[PDB]
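**Student:** Next up is a structure, given as structure tokens.
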Amino acid sequence: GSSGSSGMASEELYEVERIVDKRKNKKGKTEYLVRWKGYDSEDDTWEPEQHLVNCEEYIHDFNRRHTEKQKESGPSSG
């Protein structure tokens, strides 16, 4: 299905496009490499999962990619 419906935005700062990387800070904080408008590919920044609120989806998806063998595949019902 399609998961990503806008809801009360009205000119927002920046919407998480997707995760390109993820790591922990020397402090021990989890940071996920997410892109944003204006920021080129090599301009991408690092945001802590904390700042990434309601972005679990993306991260989750991104995590799945990295993860090796975890989620089961299914056919297409309709």
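Please note that chains go A, B, ... in the order of the structure tokens, that every chain numbers its residues from 1, and that ligands are numbered from 1 in the order shown.
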Hey, what does DSSP flag as alpha helix (DSSP H) within stretch 4-61 of chain A? Can you give it to me as a list in words?
**Tutor:**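 The residues of stretch 4-61 of chain A classed as alpha helix (DSSP H) are residues 56, 57, 58, 59, 60 and 61 of chain A.
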**Student:** Limited to C-alpha atoms, could you put the picked residues into a file as a PDB file, in the first residue's frame?
**Tutor:**
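Contents of part.pdb, freshly written:
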```pdb
ATOM      1  CA  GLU A  56      10.125   5.959  12.134  1.00  0.00           C
ATOM      2  CA  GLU A  57       8.634   4.772   8.863  1.00  0.00           C
ATOM      3  CA  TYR A  58      11.556   5.956   6.771  1.00  0.00           C
ATOM      4  CA  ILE A  59      14.127   4.757   9.278  1.00  0.00           C
ATOM      5  CA  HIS A  60      12.280   1.468   9.574  1.00  0.00           C
ATOM      6  CA  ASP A  61      12.333   1.013   5.818  1.00  0.00           C
TER       7      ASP A  61
END
```
**Student:** Mind checking which residues fall within 12 Å of residue A:63, counting only C-alpha atoms, ignoring those fewer than 2 positions away in the same chain, and posting them as number ranges by chain?
**Tutor:** A: 18-23, 32-33, 56-61, 65-71
**Student:** Keeping C-alpha atoms for every residue in the selection just given, could you write it to a file as a tab-separated table (two decimals), in the first residue's frame?
**Tutor:**
```
chain	number	residue	atom	x	y	z
A	18	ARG	CA	14.90	9.27	3.18
A	19	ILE	CA	17.80	7.69	5.02
A	20	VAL	CA	21.10	7.31	3.21
A	21	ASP	CA	23.10	6.26	6.26
A	22	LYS	CA	22.94	5.79	10.01
A	23	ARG	CA	25.46	5.74	12.83
A	32	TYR	CA	20.50	8.90	10.63
A	33	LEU	CA	21.73	10.43	7.39
A	56	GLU	CA	10.12	5.96	12.13
A	57	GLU	CA	8.63	4.77	8.86
A	58	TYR	CA	11.56	5.96	6.77
A	59	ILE	CA	14.13	4.76	9.28
A	60	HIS	CA	12.28	1.47	9.57
A	61	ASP	CA	12.33	1.01	5.82
A	65	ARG	CA	17.35	-2.49	3.70
A	66	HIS	CA	20.49	-2.72	5.80
A	67	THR	CA	19.24	-5.61	7.90
A	68	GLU	CA	19.95	-8.99	6.37
A	69	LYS	CA	17.16	-11.55	6.27
A	70	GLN	CA	14.44	-10.49	8.68
A	71	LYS	CA	11.21	-9.53	6.95
```
**Student:** Give me, please, the distance in Å between atom CA of residue A:64 and atom CA of residue A:7, quoted to one decimal.
**Tutor:**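 Calculated distance between atom CA of residue A:64 and atom CA of residue A:7 is 25.7 Å.
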**Student:** Record the distance separating atom CA of residue A:51 and atom CA of residue A:31, expressed in Å with one decimal.
**Tutor:**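 So the two atoms, atom CA of residue A:51 and atom CA of residue A:31, lie 9.1 Å apart.
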**Student:** Which of these, A:46, A:39, A:8, A:17, has the shortest distance to residue A:62 once you count only C-alpha atoms?
**Tutor:** A:17
**Student:** For residue A:24, which of A:37, A:43, A:55, A:48 is the closest residue, counting only C-alpha atoms?
**Tutor:**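 Once distances to residue A:24 are computed over only C-alpha atoms, the minimum belongs to A:48.
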**Student:** Of the candidates A:75, A:13, A:36, A:30, which shows the shortest atom-to-atom distance to residue A:50, using only C-alpha atoms?
**Tutor:**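 Checking each candidate against residue A:50, we get A:30 as the closest.
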